[PDB]
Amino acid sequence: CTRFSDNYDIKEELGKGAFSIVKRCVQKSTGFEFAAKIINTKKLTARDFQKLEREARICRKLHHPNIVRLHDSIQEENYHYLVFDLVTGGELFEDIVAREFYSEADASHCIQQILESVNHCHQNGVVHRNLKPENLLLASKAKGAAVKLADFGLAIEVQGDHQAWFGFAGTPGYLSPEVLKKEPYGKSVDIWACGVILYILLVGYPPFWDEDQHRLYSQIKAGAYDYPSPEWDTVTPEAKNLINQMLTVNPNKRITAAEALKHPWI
């Protein structure tokens, strides 16, 4: 193919993760703008290409207002393009650092939307495996803007409650104890990450952190975290309750997305 290069004009960088760069682009025939996730494929292995197909496949399957929409998937000689609807408000990540933290009200609304996107994945038999603020995009800069779940690069399929060893993958500070313990795991790992995100929403820094990554993983596995003063003094216990239920070490004892959305604090 030259199907992308022929039909799209690439514009500015929007963002990047570990192995892609996302640029705004414009479709020539329409003048409509999109986000083109670009992956250099020269270096890539058979497994890496199957992962791209998997990404495109699962994104299409999960089409929904709170999930990024895939417009096309195109392989040229040296690059693959996943063309998505453009989400213009930037990463939740940015907005959090811009504000330091969200009020309980706004955190509550934001995590509600995140959990709605996650539950949408789970009730369609998908575990995302890489929930974090970099992978949640905002429809705009306005308060309570819609939240869009992105980056299905690691997403895989699972039946219901089932758990199996789906491999060592995710983003370190968001990884679940069970992934770190190399135990079989399932949808419930995304809920752990939502716990980490909600904690970040409330004080603007993560509950597990260490410069030594070996130590970070220790902390996660042990579920060692607390609510330090003065940051957390004004935060309601009910908010802290919801975090505790998500940051429950044993995944069998962990709150699901469905019953997270029913928490009084939500």
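In case it trips you up, residue 1 is the first one in the sequence shown, and so on.
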{"property": "Per the entry, higher mean C-alpha B factor between 153 to 161 and 188 to 196", "result": "153 to 161"}
{"property": "Average Cα temperature factor in the PDB entry - higher stretch of 177 to 185, 125 to 133", "result": "177 to 185"}
{"property": "Residue selected from 75, 88, 117, 171 by maximal Cα B factor", "result": "75"}
{"property": "Options 51, 42, 37, 57 - largest CA temperature factor per the record", "result": "42"}
{"property": "Modelled-residue ranking by C-alpha temperature factor, third containing residue 148", "result": "lowest"}
{"property": "Residue 142 - Cα temperature factor, lowest/middle/highest third of chain", "result": "highest"}
{"property": "Assigned third (lowest, middle, highest) for the C-alpha B factor of residue 25", "result": "middle"}
{"property": "Entry-reported Cα temperature factor of residue 239, expressed as the chain third it lands in", "result": "highest"}
{"property": "Residue 46 by Cα B-factor - lowest, middle or highest third of the modelled chain", "result": "highest"}
